[PDB]
Amino acid sequence: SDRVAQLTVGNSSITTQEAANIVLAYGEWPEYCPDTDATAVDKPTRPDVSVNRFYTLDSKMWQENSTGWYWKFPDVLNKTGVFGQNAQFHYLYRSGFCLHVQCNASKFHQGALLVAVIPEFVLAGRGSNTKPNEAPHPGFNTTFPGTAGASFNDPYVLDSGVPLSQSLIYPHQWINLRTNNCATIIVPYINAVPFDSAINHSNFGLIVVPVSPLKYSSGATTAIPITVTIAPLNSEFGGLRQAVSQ
Amino acid sequence: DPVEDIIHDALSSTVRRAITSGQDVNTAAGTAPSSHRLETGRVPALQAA
């Protein structure tokens, strides 16, 4: 009665049989920018069916010695669908997201994933150089991975200095292969400005860390993939001009 | 009365109304929504410096 669940957005739907809950980040739904908070004078555009739907990224294979992955939003949806085109043609972007991560496994596999969102997930350069002119900084592809998504190098510190233990203060959810098989999170627009660019600043990042490593006996299925799907909700765009990829 | 070109202007040279009244503006001006208007004869863009 509470394990089964169906989400539906636009022309897409998602079923699930073992996930039990919907984590609403910070207890607020995605809403449109009210007039008392808007700064842009122009009229934005609100498709609400061309962009508000479930885009399914590629799958990442969970290995016995994996280290975790991260995505940036709305970086992933900048080349796919009408969302990608609107974000490439418009300067001001605003939207909440609905994340849904699936990693199914038999009742004999064991493991646990931590699926969290990090508002303003600033990455860090791993290096002991203390002068700001020779210090290492993460490359562009390492900080804005894109639809492919990037992997961690040392997830215990989330590649951002902060420990992973306290990362549970963020809107998070576990994928425990004994109880649930997918985790979902509805996150609103989290930013210090009414609108913002969609190709320069990524509002937040998604984190999938295999805390309890995958373990199974011989003969079971070795290829355990993880699939993420994202639905931008209550999206607005403004400031139309020629297409700028980045 | 005997000569009235001198009274007609004396009682006409009072404070001439030069209305340019200002208003107390506390904050910057907002904006009102506007749709598209396909009309002829009413052009707010054409000015004359």
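Taken together, the values in this text are just the output of simple stated rules run on the coordinates, not laboratory data. Neighbour counts are summed over all protein chains in view; Cβ atoms, including those assigned to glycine, are modelled from backbone coordinates with ideal geometry.
Of note:
- All positions within the stretch A:98-127 that are closer than 24 Å to A:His201 by Cβ and either part of a loop (DSSP other than H, G, I, E, B) or touching a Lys or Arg at 6+ places or on another chain (Cβ under 7 Å) (or both): A:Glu120, A:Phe121, A:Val122, A:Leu123, A:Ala124, A:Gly125, A:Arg126
- Hey, A:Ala38 of a type outside the set (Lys, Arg), surrounded by 13 or more Cβ atoms within 10 Å (Cβ to Cβ) and within 14 Å of another protein chain (Cβ to nearest Cβ) or not: yes
- Of the residues making up the stretch B:32-44, just one is within 22 Å of the chain's Cα centre (by Cα) and within 30 Å of A:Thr36 (Cβ to Cβ), namely B:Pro44.
- Matching strands (runs of 3 or more DSSP E) fully within the stretch A:156-246 where at least 1 residues are surrounded by fewer than 17 Cβ atoms within 10 Å (Cβ to Cβ) and of a type in the set (D, E, K, R): A:204-215
- Here B:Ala45, B:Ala29 are screened, and the one residue that is assigned to a loop (DSSP other than H, G, I, E, B) and within 14 Å of chain A (Cβ to nearest Cβ) is B:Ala29.
- Residue tally, condition over 19 Å from the mean Cα position of the chain (by Cα) and loosely packed, with under 11 Cβ neighbours inside 10 Å, over the stretch A:133-155: 3
- Subset tally (residues that are assigned to a loop (DSSP other than H, G, I, E, B) and closer than 23 Å to A:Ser167 by Cα) for the stretch A:40-62: 0
- All conditions but one from (1) within 14 Å of chain B (Cβ to nearest Cβ); (2) in contact with a helix residue (DSSP H, G or I) (Cβ under 6 Å, 6 or more places away or on another chain) apply to A:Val51; the one that does not is (1).
- Taking the stretch A:103-120 as the range and being closer than 30 Å to A:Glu31 by Cβ and either surrounded by fewer than 21 Cβ atoms within 10 Å (Cβ to Cβ) or without any contact (Cβ under 8 Å) to a residue 12 or more places away in the chain (or both) as the test, the residues that pass are A:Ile118, A:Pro119, A:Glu120.
- The lone exception for A:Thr130 - which of (1) outside any loop (DSSP other than H, G, I, E, B); (2) of a type in the set (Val, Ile, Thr); (3) more than 20 Å from the chain's Cα centre (by Cα) it fails: (1)
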